[PDB]
Amino acid sequence: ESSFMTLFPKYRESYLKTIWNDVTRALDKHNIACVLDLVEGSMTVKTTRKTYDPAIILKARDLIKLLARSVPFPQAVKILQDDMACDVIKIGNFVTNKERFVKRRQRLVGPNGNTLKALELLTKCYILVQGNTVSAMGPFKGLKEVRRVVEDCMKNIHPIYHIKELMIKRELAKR
Amino acid sequence: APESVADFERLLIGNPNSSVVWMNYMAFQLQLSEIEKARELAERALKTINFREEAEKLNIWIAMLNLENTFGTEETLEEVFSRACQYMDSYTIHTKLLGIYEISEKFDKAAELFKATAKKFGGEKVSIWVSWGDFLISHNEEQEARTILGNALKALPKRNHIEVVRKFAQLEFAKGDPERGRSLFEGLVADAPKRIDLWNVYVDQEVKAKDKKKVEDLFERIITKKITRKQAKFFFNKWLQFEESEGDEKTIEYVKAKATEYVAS
Amino acid sequence: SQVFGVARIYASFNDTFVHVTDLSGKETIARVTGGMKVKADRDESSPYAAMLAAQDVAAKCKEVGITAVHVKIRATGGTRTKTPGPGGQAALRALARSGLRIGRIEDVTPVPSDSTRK
Amino acid sequence: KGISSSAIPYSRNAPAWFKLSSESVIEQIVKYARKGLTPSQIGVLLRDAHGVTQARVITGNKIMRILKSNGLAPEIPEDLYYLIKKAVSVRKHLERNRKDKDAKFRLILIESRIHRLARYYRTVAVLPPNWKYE
RNA sequence: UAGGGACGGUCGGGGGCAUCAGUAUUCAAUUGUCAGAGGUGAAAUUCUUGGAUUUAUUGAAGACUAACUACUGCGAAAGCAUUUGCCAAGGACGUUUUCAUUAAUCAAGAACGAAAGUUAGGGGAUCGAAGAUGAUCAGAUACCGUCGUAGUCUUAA
């Protein structure tokens, strides 16, 4: 028997109410139950008696906290297969002043989103720079690459250096 | 002189901020068996001194602290340090408390003051490391002194730890172990391999502790080492002065010979 | 009727550890860290290495007598990745598949609590 | 900066509920002032307890003039006095923890605000020259 | 519905000192177990049968204040997030309190600090901390006076 729970902000309930039946169909195929509470604003997920995969409660936990941290349902469901995981990079504790912090964070996003979209294409990940953290879904090599590019982007070196060396390493691993 | 509760108050009309004269009047009252009027004078000295002149208030605090360490109480010395903290920076006030404890010859209170320094100011800078080295050197344990200095140098930055090691080596040449001083000198010359600021420090410390065959030979190696003409001639002239102070004319000539060998390339 | 060990599995990047102590944790039983079952020096964090390590861990747990295991899954934590690697799911899947009963999933990765990077 | 002050009424008259005497106000004022109380505190206590609106309306003239005509004058005006004591309080606090630069900056502000109304009072010659901020 | 000052209940991650707590990290001690464990796209330097890595119990160190944390707050700006206490301070509001033009803007000068020294070749003319030399004081490496090393000068990181 196992049970996890996240609690989600109030503005998400009209979206989670919509996609909740699809959540129930994507977890009942793994034989694991889940409720969402609209009066306390939470999503809990419980291992039932018919559950024979014990690791799936961890991925269901990651799923409901991704639905908390605002990643779309068809983007979020890919946790349920094995070669996919979350990472939550922490960026707030690198530089002191607000001006340089938001300029390096906007540098991590990119002009028109080009840096972030090219990083998603290279690392095969789903990346959300949000607030003072950076969430990411992907394979584990992609998580390792996105952690090094974000933690080196909070230091002074421009992330398009890492996009360039990722293209170099892809076409240099293709031999 | 002004040495009472009436004559000092009458004669202090010309200079009310008289820190040394107020300290002497308070010590004269305490020798005159008036501790109450002595402490009243020691507390009103900083009040009769100016407000912006912090050094006079620190001097009145040190005077009340010395009177409390001589014929007063440790609570009055702590008030004197809180008073020192009410007259100046807290780390300097606690260092004045450590000095009053060293004057009162309390070894446990001196070690507690050096530890309270080596935590806060030991993580801040190297003055607490110097204080811990002073306390353990007066306690005659150079191993524990070097251990506390290395611990405080690890707690603080390491960019001044080279000058801290040179100061530890000079203190060990002064009143410690000469082999330990030469070992710390070699470690400092290793940490500053590009700078001969540790080489001249080692040579000056050995020549000060009368290690002539050490100082002149190491300075001759430094003068014939990878140095310029001025950097070679200064070290070779210092080594020749040390060798002539020892009585070595041919070695003083060979120092200049190595200088002429290294300056011409 | 069941007697419980505790799994203490550690799914870092670059390795996976399966280290099933007794219920206190003072006395360890059957550590078979991943990078020893099969090593190409890359596959040490792989699900195949994790399930090999979990299967002979469960073999030695069955020969000692432990039939069920409270499982504690730990990522590399600290000021680092904080998410479990590829082997944390595969280790406890193989421990459940190889006859050993599973209880009490919990994450004991070291959330660093206002850590040290400046 | 904000609009936070008092709104004096249109009436310059007695409030017509104020049955109390127009001289016992002055006796109460000099009672508080020679038990040693500053004129702003005189006015606010006379407002609050022995309730007058303000004593320039009910008495003849304002209360610093009442104290000066009753022989009860201040050595130094009230604003300058409170700024002097705030400056010396923060100076004693500064000669204490010598690392409160912030208090050093606001001591610069308090002394620069001493000198403004000090030279105002010199040009009006309320308190005389040869007064040079101790 | 210019300005200043007092009062009142306050407000704030504004400041200074002291105190308290937190879990990481690093190191050490004690076990349990055995052969590998870091790290990488792979590897390697490194750590290792006086037992590493992991696990449990502690202890010490220096930091730092996870989430909560916001187009929110405070500060003149740089900036400021643990508790508690002290020291002063500041702002908005309330005011039928007080003074009565006490006012606005910026040429010199300063405290602040975001505000710096990552590794190497080279010239040292001057200066020069570090080190040492004579008197002041129960106690004086500062004071006064000099010899003297890096550095102060330059170039890339």
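Cut-offs and rules
Residues numbered from 1 in each chain as written, not as in the entry; some residues may be left out. Chains lettered and ligands numbered in written order. Part of a larger assembly, values for the part shown. Heavy atoms only, no water. Residues with missing side-chain atoms left out of burial classes, pairs and counts. UniProt positions renumbered as here; feature names shortened; annotations may be inferred. Helix = DSSP H or I, 4+ residues; strand = E, 2+ residues; numbered from the N terminus. Buried < 20%, exposed > 50% of the residue type's maximum accessible area, 1.4 Å probe, protein only. Contact = heavy atoms within 4.5 Å. Areas by Shrake-Rupley, 256 points an atom, 1.4 Å probe, with all protein chains shown as cover. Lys, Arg positive; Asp, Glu negative; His and termini not counted. Charge placed at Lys NZ, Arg CZ, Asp CG, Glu CD. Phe/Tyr/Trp six-rings, centres within 6.5 Å; stacked < 30°, edge-to-face > 60°. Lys NZ or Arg CZ within 6 Å of the ring centre and 35° of its normal. Domains from an automatic or database assignment. Nonpolar A, V, L, I, M, F, W, Y, C, P; charged D, E, K, R; others polar. Pairing = 2+ DSSP bridges. Axes fitted to C-alpha atoms, helices over the stretch in contact; angles between N-to-C directions. Parallel < 35°, antiparallel > 145°, perpendicular 65-115°, else oblique. Left-handed = near helix turned anticlockwise from the far one by under 90°. Salt bridge = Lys/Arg side-chain N within 4 Å of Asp/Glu carboxyl O. Expected span 1.5 Å × (residues − 1). Polar contact = N/O pair within 3.5 Å; in protein donor to acceptor, adjacent residues only side chain to side chain.

Per the deposited record, the coordinates in this entry were obtained by cryo-EM to a resolution of 3.7 Å.

The name given to chain D in the PDB entry is 40S ribosomal protein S13, with Saccharomyces cerevisiae as the source organism. The Subcellular location field of the UniProt record for chain D holds the comment "Cytoplasm". Listed under Sequence similarities in UniProt, the entry text for chain D is "Belongs to the universal ribosomal protein uS15 family."

The name given to chain A in the PDB entry is KRR1 small subunit processome component, and the organism recorded there is Saccharomyces cerevisiae. Comment text from UniProt for chain A, heading Subcellular location, reads "Nucleus, Nucleolus". Taken from UniProt, the Sequence similarities comment for chain A reads in full: "Belongs to the KRR1 family."

Draft legend 1. Fine view of the overall build of chain A. From N to C terminus, chain A includes 7 helices and 6 strands. For chain A, the N- to C-terminal ordering of α and β elements is β-α-β-β-α-α-β-α-α-β-β-α-α. Relative to its 175 residues, chain A shows a buried fraction of 49%. Residue pairs in contact within chain A that sit at least 24 positions apart in sequence constitute 61% of those at least 6 positions apart. Roughly 9700 Å² of accessible area belongs to chain A as shown, and the carbon and sulfur atoms make up 55% of that amount. The distance from the centre of the 32 positive side-chain charges to the centre of the 18 negative ones in chain A is 5 Å.

Draft legend 2. Quick look at the packing of aromatic side chains. For the ring pair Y10 of chain C and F17 of chain C, a centre distance of 5.3 Å and an interplane angle of 70° mean the geometry is edge-to-face. The ring centre of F4 of chain A lies 4.9 Å from the NZ or CZ of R61 of chain A, which sits over that ring.

Draft legend 3. Molecular detail of the domain arrangement of chain D. Residue and element names in this part refer to chain D. Taken domain by domain, chain D holds domain 1 (19-73) and domain 2 (74-134). The C-alpha-based centres of domain 1 and domain 2 are spaced at 27 Å. Across the contact, 5 residues belong to domain 1 and 4 residues belong to domain 2. Residue composition of the side of domain 1 that touches domain 2, by class: 3 nonpolar, 2 polar and no charged.

Draft legend 4. Main features of the sheet that holds strand β4 (residues 85-90) of chain A. All names here are of chain A. Read from one edge to the other, the open sheet built from 3 strands follows the order β4-β6-β5, with strand pairing classed as antiparallel. Looking at which strands have only one partner, the edges of the open sheet turn out to be β4 and β5 (126-130). Averaged over all neighbouring strand pairs, the angle between strand axes comes to 15°, with direction disregarded. Relative to strand β6 (residues 133-138), β5 runs antiparallel, the two sharing 5 bridges. Bridging across to β6, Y126 finds its partner in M137.

Draft legend 5. Focus on the interface of chain D and chain B. Each partner contributes to the interface: chain D provides 5 residues, whereas chain B provides 8 residues. Its residues assigned to classes, the side of chain D that touches chain B comprises no nonpolar, 1 polar and 4 charged.

Draft legend 6. Structural view of the sheet that holds strand β3 (residues 42-47) of chain A. All names here are of chain A. The strand order across the open sheet built from 3 strands is β1-β3-β2, with neighbouring strands paired in antiparallel fashion. Unpaired on one side and paired on the other, β1 (2-7) and β2 (32-37) mark the two borders of the sheet. The sheet shows a mean angle of 15° between the axes of neighbouring strands, taken without regard to direction. Judged from the 6 bridges that link them, β2 and β3 form a sheet pairing that is antiparallel. Bridged to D37 within β3 is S42.

Draft legend 7. Structural context of the packing of helix α13 (residues 212-223) of chain B against helix α14 (residues 229-246) of chain B. All names here are of chain B. Close contact between α13 and α14 brings their axes to 8 Å; oriented N to C, the two are set at 160°. Considering the angle they form, α13 stands roughly antiparallel to α14. In this structure, the crossing between α13 and α14 has a hand that is left-handed. Together, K212, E216, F219, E220 and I223 of α13 and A232, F235, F236, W239, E243 and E246 of α14 make up the contact between the two elements. Considered class by class, the residues forming the contact of α13 with α14 number 6 nonpolar, no polar and 5 charged.

Draft legend 8. Spatial organisation of the interface of chain A and chain C. Between chain A and chain C, the contact holds 20 residues from the first and 18 residues from the second. Taken together, the residues of the side of chain A that touches chain C sort by class into 10 nonpolar, 3 polar and 7 charged.

Draft legend 9. Looking closely at the arrangement of the chains. In this assembly, 2 pairs of chains are in contact, and the pair with the greatest number of contacts comprises chains A and C. What separates chain A from chain D at the closest point of their C-alpha atoms is a distance of 20 Å, and the two make no contact.

Draft legend 10. Seen up close, the pattern of salt bridges. A salt bridge links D62 of chain A to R61 of chain A, with the nearest nitrogen and oxygen atoms 3.2 Å apart. Notably, a salt bridge pairs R91 of chain D with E111 of chain D, separated by 2.4 Å at the nearest N-O pair. Here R91 of chain D is found in helix α5 (residues 78-94), whereas its partner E111 of chain D is found in helix α6 (residues 101-124), with 20 residues between them in sequence. Here the salt bridges do not stand alone but share partners, grouping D53 and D82 of chain A together with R93 of chain C into one network.

Draft legend 11. Spotlight on the UniProt feature "domain: KH" in chain A. Mapped onto this numbering, the UniProt entry annotates "domain: KH" at residues 85-155 of chain A. Between the C-alpha atoms that bound residues 85-155 of chain A the distance is 25 Å, and the span itself is 51% helix and 24% strand.

Draft legend 12. A look at helix α12 (residues 197-208) of chain B. Over its 12 residues, α12 of chain B extends 16 Å from the first C-alpha to the last, a length consistent with the 16 Å expected when each residue adds 1.5 Å. Following α12 of chain B by one or two positions, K210 of chain B has its phi on the positive side, about 65°.

Draft legend 13. Summary view of the environment of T6 of chain A. Residue and element names in this part refer to chain A. Inspection of the secondary structure puts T6 in strand β1. Counting along the chain gives 57 residues from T6 to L63, while the straight-line C-alpha distance between them is 9.9 Å. Setting aside residues no more than four positions away along its own chain, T6 makes contact with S42, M43, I64, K65 and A68.

Draft legend 14. Spotlight on the environment of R104 of chain A. Residues and elements named next belong to chain A. Of note, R104 is situated in helix α4 (residues 98-109). If we ignore the near neighbours within four places in the chain, the residues touching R104 are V95, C153, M154, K155 and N156. One polar contact links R104 to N156, side chain to side chain, over a distance of 2.4 Å.

Draft legend 15. Expanded view of unusual backbone geometry. Of note in the backbone geometry, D114 of chain C takes a positive phi value of approximately 60° without being a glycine. Structurally, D114 of chain C is set in the segment after β7 (101-107). Phi is positive for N130 of chain D, which is not a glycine, with a value near 55°. Summarising the element assignment, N130 of chain D is placed in the segment after α6.

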